[PDB]
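Comments concern the structure below.
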Amino acid sequence: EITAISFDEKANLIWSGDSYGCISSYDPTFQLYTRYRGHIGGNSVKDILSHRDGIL
Amino acid sequence: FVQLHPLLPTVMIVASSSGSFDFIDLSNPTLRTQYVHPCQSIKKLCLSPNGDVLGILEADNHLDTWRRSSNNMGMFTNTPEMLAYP
Amino acid sequence: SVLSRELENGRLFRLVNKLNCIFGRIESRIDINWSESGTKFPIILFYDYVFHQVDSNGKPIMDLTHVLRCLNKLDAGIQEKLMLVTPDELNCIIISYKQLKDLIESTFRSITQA
Amino acid sequence: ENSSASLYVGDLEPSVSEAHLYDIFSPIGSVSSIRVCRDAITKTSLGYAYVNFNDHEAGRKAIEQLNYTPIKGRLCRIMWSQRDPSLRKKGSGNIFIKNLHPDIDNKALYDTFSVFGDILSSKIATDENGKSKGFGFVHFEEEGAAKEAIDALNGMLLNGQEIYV
């Protein structure tokens with residue numbers, strides 16, 4: 001259901017959005033770090049990007 | 001899927017829907033590295049600021065990197081604010 | 001000699017004054033800056049996290065030791081790391097205290113006048 | 001200034017990219033950022049590069065592993081970074097030589113000649129399978145280490161060829 005992907009420039013995390021509502025960060029090869037929402041509802045996310053300070 | 005390299009902002013990677021990806025020059029198109037994909041077609045793929053990380057990602061949540069084994073590391077950097085212990 | 005073990009109320013009661021002074025105001029019960037996409041979102045979340053911490057059977061059981069432990073810690077303003085869940089996989093934020101202090105006093109002052 | 005790498009290749013090419021460049025010093029570790037900033041109507045050589053690493057010590061480490069070996073005729077030049085208060089930093093001139101010895105390289109040149117005077121740019125005409133072309137430009141930070149190397153031995157006799165001012 002994964003619908004948007006980006007990195008972070010400062011860690012080994014992955015930043016994924018499924019089709020459930022969420023946005024998650026991921027450790028190396030098979031481990032998650034966080035999964036939060038900044039999303040209202042419906043589908044999760046159009047797109048994801050990295051930044052100097054955080055994740056948009 | 002056409003994406004310029006981060007450290008090499010003219011050299012790109014070009015990849016199809018099934019995954020015929022090629023590390024390819026901008027200037028000399030003869031210098032192609034046509035890495036085939038012996039697996040299923042893709043949704044998306046991402047990059048390597050450390051230059052040695054293939055991330056193929058479908059809806060399966062199973063990554064694999066194909067490059068030579070320069071590092072035992074995954075991504076670029078190693079400063080996590082809750083690194084292995086909150 | 002007996003009044004020695006009674007004094008830890010007034011700071012605590014002012015903490016509850018600041019706490020339940022603005023928690024569920026009817027204009028702010030349903031609005032933009034208090035949803036999961038809203039601004040002051042986890043100030044709700046930790047709030048009842050203490051107050052409805054489920055057991056191994058899922059029963060929200062107090063264990064007021066842990067409650068007042070957390071209460072003095074949040075009252076302090078020190079820098080910690082805090083796991084938080086819905087229970088399920090959403091809105092998890094690992095945070096410290098002094099920014100929570102700052103948003104609390106900011107919201108209180110904004111409520112107090114403009 | 002320039003406490004970091006700032007590793008400055010000059011005397012550039014029109015139409016050879018940084019591809020094989022990054023191919024060669026791949027296994028060294030610290031390769032931070034490589035870029036030639038450019039003009040707008042300009043697909044010819046202009047004359048400033050930035051093979052930037054993290055610190056200066058990574059540049060010296062890149063020297064100390066292996067440096068100045070011939071591939072594609074180009075040799076990577078070192079950090080200069082020297083602007084309008086440097087009217088004569090590397091422009092305080094050089095000995096210009098007619099009839100250098102025809103085996104004069106740059107590496108053994110500065111190796112034996114690190115004693116008297118520090119050579120900045122040994123702009124030496126070496127071509128066609130190990131032959132210094134007689135004319136060269138041994139270049140310094142001043143014109144004092146130049147006179148030091150001249151008054152020591154302005155060249156010497158190893159196969160007899162003294163060099164020129």
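Going through the structure tokens in order, the chains are called A, B, and so on, while each chain numbers its residues from 1 and the ligands are numbered from 1 in the order shown.
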Taking only C-alpha atoms into account, produce a table as a Markdown table in which each residue of chain C with an atom at most 9 Å from an atom of chain A appears once, together with its shortest atom pair and the distance in Å to one decimal, ordered by chain and rising number.
```
| residue | atom | partner | partner_atom | distance |
| --- | --- | --- | --- | --- |
| C:35 | CA | A:40 | CA | 7.8 |
| C:36 | CA | A:38 | CA | 6.3 |
| C:37 | CA | A:38 | CA | 4.9 |
| C:38 | CA | A:38 | CA | 8.2 |
| C:89 | CA | A:35 | CA | 6.0 |
| C:90 | CA | A:36 | CA | 4.5 |
| C:91 | CA | A:36 | CA | 3.7 |
| C:92 | CA | A:36 | CA | 4.9 |
| C:93 | CA | A:36 | CA | 7.1 |
| C:94 | CA | A:34 | CA | 8.9 |
```
Since we have the selection now, will you write its residues out, keeping C-alpha atoms, as a JSON list (two decimals), in the first residue's frame?
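Output below, filename part-v2.json:
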```json
[["chain", "number", "residue", "atom", "x", "y", "z"],
["C", 35, "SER", "CA", -6.21, 17.47, 15.62],
["C", 36, "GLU", "CA", -3.56, 14.88, 14.82],
["C", 37, "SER", "CA", -2.61, 17.37, 12.12],
["C", 38, "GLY", "CA", -3.05, 20.12, 14.74],
["C", 89, "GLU", "CA", 1.14, 2.30, 14.88],
["C", 90, "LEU", "CA", 0.47, 6.04, 14.73],
["C", 91, "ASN", "CA", 1.42, 9.52, 16.09],
["C", 92, "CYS", "CA", 4.51, 8.39, 18.01],
["C", 93, "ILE", "CA", 6.76, 11.23, 19.14],
["C", 94, "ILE", "CA", 9.86, 10.91, 21.32]]
```
**Asked** Within 6 Å of stretch 4-10 of chain D, counting only C-alpha atoms, which residues qualify if same-chain residues fewer than 5 places away don't, as a count of residues only?
**Response** 15
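With only C-alpha atoms taken into account, the protein and nucleic acid residues at most 10 Å from stretch 16-29 of chain C (excluding it and anything under 3 positions from it in its own chain) are residues 10, 11, 12, 13, 32, 33, 34, 35, 43, 44, 47, 71, 104, 105, 107, 108 and 111 of chain C.
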**9 Å contact set for stretch 62-73 of chain D, only C-alpha atoms, chain neighbours under 2 positions out, as a PyMOL selection string** = chain D and resi 25+28+30+57-60+75-77+106-107
Go ahead and write the residues just picked, N, CA, C and O atoms, as a PDB file, in the first residue's frame.
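Result file is again-v1.pdb:
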```
ATOM      1  N   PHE D  25      39.557   7.742  -7.577  1.00  0.00           N
ATOM      2  CA  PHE D  25      39.722   7.849  -6.129  1.00  0.00           C
ATOM      3  C   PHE D  25      38.457   7.486  -5.359  1.00  0.00           C
ATOM      4  O   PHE D  25      38.229   8.012  -4.262  1.00  0.00           O
ATOM      5  N   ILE D  28      39.058   5.659  -1.542  1.00  0.00           N
ATOM      6  CA  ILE D  28      39.800   6.381  -0.510  1.00  0.00           C
ATOM      7  C   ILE D  28      38.959   6.706   0.712  1.00  0.00           C
ATOM      8  O   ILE D  28      39.516   7.105   1.741  1.00  0.00           O
ATOM      9  N   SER D  30      36.979   9.426   2.034  1.00  0.00           N
ATOM     10  CA  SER D  30      36.490  10.804   2.083  1.00  0.00           C
ATOM     11  C   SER D  30      36.533  11.432   0.698  1.00  0.00           C
ATOM     12  O   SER D  30      37.572  11.925   0.252  1.00  0.00           O
ATOM     13  N   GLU D  57      43.389  17.480   5.761  1.00  0.00           N
ATOM     14  CA  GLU D  57      44.089  16.235   6.042  1.00  0.00           C
ATOM     15  C   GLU D  57      43.629  15.111   5.125  1.00  0.00           C
ATOM     16  O   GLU D  57      44.427  14.239   4.780  1.00  0.00           O
ATOM     17  N   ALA D  58      42.374  15.139   4.676  1.00  0.00           N
ATOM     18  CA  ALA D  58      41.963  14.192   3.645  1.00  0.00           C
ATOM     19  C   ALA D  58      42.636  14.470   2.306  1.00  0.00           C
ATOM     20  O   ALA D  58      42.946  13.527   1.574  1.00  0.00           O
ATOM     21  N   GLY D  59      42.895  15.742   1.981  1.00  0.00           N
ATOM     22  CA  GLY D  59      43.710  16.046   0.811  1.00  0.00           C
ATOM     23  C   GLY D  59      45.139  15.548   0.923  1.00  0.00           C
ATOM     24  O   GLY D  59      45.692  14.981  -0.028  1.00  0.00           O
ATOM     25  N   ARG D  60      45.741  15.703   2.103  1.00  0.00           N
ATOM     26  CA  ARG D  60      47.107  15.215   2.274  1.00  0.00           C
ATOM     27  C   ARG D  60      47.135  13.699   2.352  1.00  0.00           C
ATOM     28  O   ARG D  60      48.122  13.073   1.961  1.00  0.00           O
ATOM     29  N   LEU D  75      46.781  15.542 -14.163  1.00  0.00           N
ATOM     30  CA  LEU D  75      47.257  15.318 -12.809  1.00  0.00           C
ATOM     31  C   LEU D  75      46.572  16.328 -11.906  1.00  0.00           C
ATOM     32  O   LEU D  75      46.504  17.514 -12.241  1.00  0.00           O
ATOM     33  N   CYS D  76      46.063  15.859 -10.770  1.00  0.00           N
ATOM     34  CA  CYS D  76      45.182  16.680  -9.950  1.00  0.00           C
ATOM     35  C   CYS D  76      45.993  17.702  -9.166  1.00  0.00           C
ATOM     36  O   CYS D  76      46.892  17.356  -8.394  1.00  0.00           O
ATOM     37  N   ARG D  77      45.672  18.964  -9.389  1.00  0.00           N
ATOM     38  CA  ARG D  77      46.394  20.089  -8.835  1.00  0.00           C
ATOM     39  C   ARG D  77      45.902  20.330  -7.409  1.00  0.00           C
ATOM     40  O   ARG D  77      44.849  19.832  -7.004  1.00  0.00           O
ATOM     41  N   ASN D 106      58.205  15.609 -12.122  1.00  0.00           N
ATOM     42  CA  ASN D 106      57.873  16.539 -11.054  1.00  0.00           C
ATOM     43  C   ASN D 106      58.082  15.944  -9.669  1.00  0.00           C
ATOM     44  O   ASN D 106      58.512  16.663  -8.753  1.00  0.00           O
ATOM     45  N   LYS D 107      57.850  14.635  -9.516  1.00  0.00           N
ATOM     46  CA  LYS D 107      57.860  14.024  -8.189  1.00  0.00           C
ATOM     47  C   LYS D 107      59.282  13.876  -7.645  1.00  0.00           C
ATOM     48  O   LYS D 107      59.560  14.300  -6.519  1.00  0.00           O
TER      49      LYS D 107
END
```
**Request:** Taking the DSSP assignment computed from this structure's backbone, write out as a PyMOL selection string all residues of stretch 6-123 of chain D that belong to strand (DSSP E or B).
**Result:** chain D and resi 33-35+50-52+55+71+74+95-97+122-123
Sort by chain and increasing residue number a table of all residues of chain B within 9 Å of chain C, each with its closest pair of atoms and their distance in Å to one decimal, counting only C-alpha atoms, and write it as a Markdown table.
```
| residue | atom | partner | partner_atom | distance |
| --- | --- | --- | --- | --- |
| B:81 | CA | C:81 | CA | 8.9 |
| B:82 | CA | C:81 | CA | 7.2 |
| B:85 | CA | C:81 | CA | 8.7 |
| B:86 | CA | C:81 | CA | 5.1 |
```
Could you dump the residues just selected with N, CA and C atoms as a CSV table (one decimal), in the first residue's frame?
```csv
chain,number,residue,atom,x,y,z
B,81,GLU,N,18.9,10.7,17.5
B,81,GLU,CA,18.6,11.3,18.8
B,81,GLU,C,18.0,10.4,19.8
B,82,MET,N,17.6,9.2,19.4
B,82,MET,CA,17.2,8.1,20.4
B,82,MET,C,17.8,6.8,19.9
B,85,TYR,N,18.1,3.4,22.3
B,85,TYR,CA,17.6,3.4,23.7
B,85,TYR,C,17.0,4.8,24.0
B,86,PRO,N,15.7,4.9,23.9
B,86,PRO,CA,14.9,5.9,24.7
B,86,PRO,C,14.6,5.3,26.1
```
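Atom CA of residue A:25 sits 12.9 Å away from atom CA of residue B:83.
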**Nearby residues (only C-alpha atoms) at most 12 Å from residue D:133, same-chain spacing under 4 positions excluded, as a PyMOL selection string** = chain D and resi 97-105+123-129+137
**8 Å contacts from chain B to chain D using only C-alpha atoms, as a PyMOL selection string** = chain B and resi 7-8+11+25+27
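Ranking B:38, B:29, B:19, B:6 by their shortest atom-to-atom distance to chain A, with only C-alpha atoms included, puts B:6 first.
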**Asked** Got a sec: who's within 10 Å of residue A:52, counting only C-alpha atoms, leaving out chain neighbours fewer than 5 positions off, as a list in words?
**Response** residues 8, 9 and 10 of chain A
**Complete:** The residue from B:65, B:71, B:50, B:77 with the smallest atom-to-atom distance to residue A:29, counting only C-alpha atoms, is B:65
**Message:** Need the shell around residue B:18: protein/DNA/RNA residues with any atom at most 12 Å away, counting only C-alpha atoms. Skip same-chain ones fewer than 2 positions apart. Format as a count of residues only?
**Reply:** 20
**Asked** When the cut-off is 9 Å and we count only C-alpha atoms, which residues of chain A are near chain B, given as a ChimeraX atom specification?
**Response** /A:1-14,18,28-30
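Going from atom CA of residue D:112 over to atom CA of residue D:90, you cover 21.4 Å.
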**Message:** Using Å and a single decimal, report how far atom CA of residue B:26 sits from atom CA of residue B:12.
**Reply:** 6.9 Å
**Message:** Calculated over only C-alpha atoms, which of the candidates C:31, C:8, C:48, C:55 has the smallest distance to residue C:67?
**Reply:** C:48
